[PDB]
Amino acid sequence: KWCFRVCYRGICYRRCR
């Protein structure tokens, strides 16, 4: 269970599965 959320001007998405 690896949860890593990040938002950048070039890439904005969240990962939590």
# chains A, B, ... in the order shown; residues from 1 in each chain; ligands from 1
call {"tool": "residues_around", "arguments": {"residues": "residue 14 in chain A", "least_positions_apart": "5", "cutoff": "8 Å", "atoms": "only C-alpha atoms", "output": "JSON, numbers by chain"}}
result
{"A": [4, 5, 6, 7]}
call {"tool": "select_by_dssp", "arguments": {"residues": "chain A", "states": "strand (DSSP E)", "output": "PyMOL selection string"}}
result
chain A and resi 3-7+12-16
call {"tool": "decode", "arguments": {"residues": "chain A", "atoms": "C-alpha atoms", "output": "PDB file, in the first residue's frame"}}
result
ATOM      1  CA  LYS A   1       0.000   0.000   0.000  1.00  0.00           C
ATOM      2  CA  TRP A   2       2.001   2.949  -1.331  1.00  0.00           C
ATOM      3  CA  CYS A   3       0.256   6.329  -1.275  1.00  0.00           C
ATOM      4  CA  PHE A   4       2.008   9.279  -2.916  1.00  0.00           C
ATOM      5  CA  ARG A   5       0.172  12.422  -4.021  1.00  0.00           C
ATOM      6  CA  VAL A   6       1.950  15.235  -5.862  1.00  0.00           C
ATOM      7  CA  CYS A   7       0.862  18.217  -7.957  1.00  0.00           C
ATOM      8  CA  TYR A   8       3.151  19.986 -10.427  1.00  0.00           C
ATOM      9  CA  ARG A   9       2.679  22.524 -13.222  1.00  0.00           C
ATOM     10  CA  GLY A  10       3.834  19.841 -15.640  1.00  0.00           C
ATOM     11  CA  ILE A  11       2.191  16.884 -13.917  1.00  0.00           C
ATOM     12  CA  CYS A  12      -0.674  16.856 -11.415  1.00  0.00           C
ATOM     13  CA  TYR A  13      -2.073  13.534 -10.198  1.00  0.00           C
ATOM     14  CA  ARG A  14      -2.608  11.413  -7.086  1.00  0.00           C
ATOM     15  CA  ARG A  15      -1.609   7.794  -6.481  1.00  0.00           C
ATOM     16  CA  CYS A  16      -3.259   5.697  -3.769  1.00  0.00           C
ATOM     17  CA  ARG A  17      -4.145   2.109  -4.668  1.00  0.00           C
TER      18      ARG A  17
END
